[PDB]
Amino acid sequence: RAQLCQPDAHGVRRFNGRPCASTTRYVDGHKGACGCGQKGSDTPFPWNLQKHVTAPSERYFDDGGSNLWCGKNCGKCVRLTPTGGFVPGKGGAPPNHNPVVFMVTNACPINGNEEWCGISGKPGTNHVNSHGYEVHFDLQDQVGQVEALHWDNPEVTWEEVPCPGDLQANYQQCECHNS
Ligand SMILES: OC[C@H]1O[C@@H](O[C@H]2[C@H](O)[C@@H](O)[C@H](O)O[C@@H]2CO)[C@H](O)[C@@H](O)[C@@H]1O
Ligand SMILES: OC[C@H]1O[C@@H](O[C@H]2[C@H](O)[C@@H](O)[C@H](O)O[C@@H]2CO)[C@H](O)[C@@H](O)[C@@H]1O
């Protein structure tokens, strides 16, 4: 069993009573679904390609909704802590379990991402993806910021946390701030 989070009675994978999430990495160069780039143009701000930012699965992104622009959870931060687990054939165990904080700046839509982001309700409603996780975080890797962590799709526990000051200040430039 490479996945260390065990399903509960409802099928939701947990680790010592904390919910788990799956993770992947992505590179696409788009401004993204929280508007973190110049208005009207598909150009991200450089920090939104460089920093620890994420595209969560759609129903978390919009807190149960289906909006893919200025989702309800744009600008939230999440702390992801590796468990040591991974989905066999689709990841590996990381070299350490240091936790990393990421800011939500984009979305992973169900459409075209069914395996990982195809979750039909928000966290707390017992809906899971095809690997048993209630939420998925796709991690921006344009400049190798995830490669530098040596994260290959690790299984993590997840929690919402207050954003660090530099990420808060970055988010204030995004079009979806105060939308
Ligand atoms: O659909 C989510 C996300 O997947 C990323 O690809 C995964 C792939 O699904 C998995 O089989 C392999 O082990 O890992 C890669 C990298 O995490 C893809 O890069 C993203 O564009 C996509 O949003
Ligand atoms: O890039 C601006 C554009 O973002 C759209 O969200 C995309 C995002 O670009 C892409 O990186 C991610 O994989 O998928 C999301 C959702 O499709 C957003 O929906 C548009 O409104 C926006 O103009």
Side-chain angles (χ1 to χ4, degrees), residues 2-5 13 20-76 78 80 82-95 100 102-120 122-123 127-156 158 170-171 173-179:
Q3 294 171 260
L4 296 183
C5 298
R13 288 184 181 270
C20 299
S22 43
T23 71
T24 49
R25 54 193 180 281
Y26 79 104
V27 179
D28 68 18
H30 292 298
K31 173 167 68 180
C34 302
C36 296
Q38 307 161 228
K39 291 210 268 215
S41 165
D42 193 28
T43 303
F45 295 128
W47 64 258
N48 194 37
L49 297 178
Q50 292 163 341
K51 293 196 175 184
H52 290 144
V53 295
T54 183
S57 50
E58 182 174 326
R59 292 282 176 278
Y60 176 69
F61 173 79
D62 197 34
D63 189 33
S66 63
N67 287 306
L68 293 174
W69 173 251
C70 301
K72 298 183 221 156
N73 282 328
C74 281
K76 296 256 188 108
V78 293
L80 305 185
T83 60
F86 57 94
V87 177
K90 293 172 171 165
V100 184
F102 297 83
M103 185 168 68
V104 175
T105 65
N106 194 13
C108 182
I110 297 168
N111 189 32
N113 300 283
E114 292 86 356
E115 171 175 7
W116 297 106
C117 299
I119 308 169
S120 56
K122 70 183 222 181
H127 288 93
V128 298
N129 67 12
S130 69
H131 298 297
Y133 302 100
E134 66 168 15
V135 69
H136 185 77
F137 294 101
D138 203 11
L139 308 180
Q140 176 63 256
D141 196 38
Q142 171 71 41
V143 304
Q145 62 268 56
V146 183
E147 177 201 291
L149 299 174
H150 307 295
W151 283 14
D152 183 11
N153 304 346
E155 181 184 63
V156 300
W158 82 280
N170 284 144
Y171 188 68
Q173 298 202 275
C174 302
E175 188 172 352
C176 300
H177 179 242
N178 292 329
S179 64

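The figures that follow rest on heavy atoms only: side chains count, while hydrogens, waters and symmetry mates do not. Indexing begins at 1, ligand by ligand and atom by atom, following the structure's order. In what follows, residues are counted from 1 in the order of the sequence shown.
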>> Can a donor-acceptor pair be found, under 3.5 Å and without considering hydrogens, that links the side chain of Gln145 to the backbone of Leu49?
In response: yes
> When you take the SG atom of each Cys, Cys5 and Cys20, is the space between them under 2.5 Å?
Replying inline: yes
> With a 4.0 Å heavy-atom cut-off (strictly under), which part of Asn153 contacts ligand 1: side chain, backbone, both or neither?
Replying inline: side chain
> Would you say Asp42 has any N or O atom under 3.5 Å from an N or O of ligand 2, going by distance alone?
Replying inline: yes
> Roughly how far apart are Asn106 CG and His30 NE2, rounded to 0.5 Å?
Replying inline: 8.5 Å
> Please state which protein non-hydrogen atom is closest to atom 8 (C) of ligand 1 and give its distance, to 0.1 Å?
Replying inline: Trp116 NE1, 4.0 Å
> What are the atoms of ligand 1, with element, lying closer than 4.0 Å to any heavy atom of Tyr26?
Replying inline: 20 (C), 21 (O)
> Under 4.0 Å from any heavy atom of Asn113, which atoms of ligand 1 are there?
Replying inline: 1 (O), 2 (C), 22 (C), 23 (O)
> Counting each atom of ligand 2 from 1 as listed, which ones have a heavy atom of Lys31 under 4.0 Å away?
Replying inline: 1 (O)
>> Show me which atoms of ligand 2 lie under 4.0 Å from any heavy atom of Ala107.
In response: 12 (C), 13 (O), 14 (O), 15 (C)
> Once you round to the nearest 0.5 Å, how far does NZ of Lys39 lie from NZ of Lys31?
Replying inline: 9.5 Å
> Ring centres of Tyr60 and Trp158 under 6.0 Å apart?
Replying inline: yes
> Who's the nearest protein heavy-atom neighbour of atom 13 (O) of ligand 2, and how far?
Replying inline: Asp28 OD2, 3.5 Å
> For atom 17 (O) of ligand 2, what's the nearest protein heavy atom and its distance?
Replying inline: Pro109 CG, 4.0 Å
>> If you apply the rule salt bridge (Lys or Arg N to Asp or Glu O under 4.0 Å), what do you find for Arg25 with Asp152, and how did you get there?
In response: CA-CA 8 Å; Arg25 54 193 180 281; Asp152 183 11; 3.0 Å; yes
> Does the side chain of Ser22 come under 3.5 Å of the side chain of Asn129 through a donor N or O and an acceptor N or O?
Replying inline: yes
> Hey, are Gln38 and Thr43 close enough side-chain-wise for a donor-acceptor pair under 3.5 Å?
Replying inline: no
> Which residue holds the protein heavy atom closest to atom 6 (O) of ligand 2, what is that atom called, and what is the gap in Å?
Replying inline: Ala33 CB, 3.7 Å
> How far apart are the closest heavy atoms of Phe45 and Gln173, and which atoms are they?
Replying inline: CE1-O, 3.4 Å
> Quick one: does ligand 2 sit under 4.0 Å from the side chain of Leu68, the backbone, both or neither, non-hydrogen atoms only?
Replying inline: both
> Any idea which protein heavy atom is nearest atom 21 (O) of ligand 2, and the distance to it?
Replying inline: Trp69 CE3, 3.5 Å
> ligand 1 versus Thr24, non-hydrogen atoms closer than 4.0 Å: side chain, backbone, both, neither?
Replying inline: both
>> Can you report which non-hydrogen protein atom sits closest to atom 11 (O) of ligand 1, along with the distance?
In response: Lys90 CG, 4.0 Å
>> I'd like to know if the side chain of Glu155 and the backbone of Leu4 have a donor-acceptor N/O pair within less than 3.5 Å.
In response: yes
> In terms of residue, atom name and distance, what is the protein heavy atom nearest to atom 9 (O) of ligand 2?
Replying inline: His30 CB, 3.3 Å
> Where is the nearest protein heavy atom to atom 5 (C) of ligand 1: which residue, which atom, and how far?
Replying inline: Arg25 O, 3.6 Å
>> Suppose we measure from atom 23 (O) of ligand 1 to each protein heavy atom; which comes out shortest, and what is that distance?
In response: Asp138 OD2, 2.6 Å
>> Counting non-hydrogen protein atoms only, what is the nearest one to atom 3 (C) of ligand 2? Give residue, atom name and distance.
In response: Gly32 O, 4.2 Å
>> Counting non-hydrogen protein atoms only, what is the nearest one to atom 7 (C) of ligand 2? Give residue, atom name and distance.
In response: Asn106 OD1, 4.0 Å
> Any donor-acceptor pair under 3.5 Å linking the side chain of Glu114 with the backbone of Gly112?
Replying inline: yes
> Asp138 side chain to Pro56 main-chain N or O, any donor-acceptor pair under 3.5 Å?
Replying inline: no
